[PDB]
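S.K.: Below you'll find the structure I mean.
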Amino acid sequence: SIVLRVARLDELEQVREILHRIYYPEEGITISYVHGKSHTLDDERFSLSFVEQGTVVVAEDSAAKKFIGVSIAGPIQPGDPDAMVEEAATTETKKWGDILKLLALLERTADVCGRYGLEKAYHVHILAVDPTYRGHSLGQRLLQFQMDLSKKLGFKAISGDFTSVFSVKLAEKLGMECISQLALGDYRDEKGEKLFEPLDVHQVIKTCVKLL
């Protein structure tokens, strides 16, 4: 059977692998990028920085000693978008800087903390399930685990940027209201540049949120 739990720091490399295998190759934002679909090292560093914070949840096939799902979340709070823009100005790759600006825009537009009267919120950055492990409620169990965990940790709200139809469906199912959205192909940075071209046109990102 399948175990859900928080990833340990000593498991950073396994987290890295699952991200390489099932997340990046499919993530709408990363693969729709105009100058190359591959993820960069600074992207990876961002995602893995959460393992030490104890907010990376993995779904593990204990019988195969193998990760088969992962969810990465962290706190967000007023000020974060501006800090992200600053980080974008200094990061190693242009791709990660551009993505960081997009994420910042998503967060700024959603304004979860301001809309709900919070000092901070818990934000799911990544939710990824190996698609060959169907029929086990994996996506729902990962998201629910993140909800339960953030609750215990004292968070008053949880949110996420959901890039796929499934994932939005889960969010809605588990009581999250989509409060903001952004058509990916319509995105333009401050230069006026179109940076994302989802092979699936009319691909939309939805920021959803729920009080805990």
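S.K.: Condition first: within 20 Å of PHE145 (Cβ to Cβ) and touching a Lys or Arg at 6+ places or on another chain (Cβ under 9 Å). Can you find one or more residues in segment 70-91 that meet it? Quick ask: steps written out before the conclusion?
M.R.: So the first thing to find is which residues in segment 70-91 are within 20 Å of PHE145 (Cβ to Cβ), and the list is 70-76.
Narrowing the set further to residues that are touching a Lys or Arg at 6+ places or on another chain (Cβ under 9 Å) leaves 75-76.
Yes, segment 70-91 contains at least one residue that is within 20 Å of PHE145 (Cβ to Cβ) and touching a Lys or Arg at 6+ places or on another chain (Cβ under 9 Å).
Each row is one residue, and each column tells you yes or no for (1) touching a residue at least 60 places away in the same chain (Cβ under 8 Å); (2) out of contact with any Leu (no Cβ under 6 Å at 6 or more places or on another chain); (3) under 18 Å from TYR33 (Cα atoms).
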site: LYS101; (1), (2), (3): yes, yes, yes
site: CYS113; (1), (2), (3): no, yes, no
site: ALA128; (1), (2), (3): yes, yes, no
site: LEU138; (1), (2), (3): yes, yes, no
site: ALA171; (1), (2), (3): no, yes, no
site: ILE179; (1), (2), (3): yes, yes, no
site: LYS210; (1), (2), (3): yes, yes, no
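One line per residue, one yes/no per condition, for (1) over 19 Å from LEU184 (Cα atoms); (2) touching a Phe, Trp or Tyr at 6+ places or on another chain (Cβ under 7 Å); (3) of a type in the set (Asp, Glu):
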| position | (1), (2), (3) |
| --- | --- |
| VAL6 | yes, no, no |
| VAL15 | yes, no, no |
| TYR23 | no, no, no |
| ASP42 | yes, yes, yes |
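S.K.: Then there's this: Name the single residue, out of those in segment 115-125 being touching a residue at least 60 places away in the same chain (Cβ under 8 Å), surrounded by fewer than 22 Cβ atoms within 10 Å (Cβ to Cβ) and not hydroxyl-bearing (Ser, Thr, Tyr), that is nearest to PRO75 (Cα to Cα).
M.R.: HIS125
No value in this document is a laboratory result; all are computed from the given coordinates. When we count neighbours, we look across all protein chains shown, and the Cβ atoms used for this are built from the backbone with ideal geometry, even at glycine.
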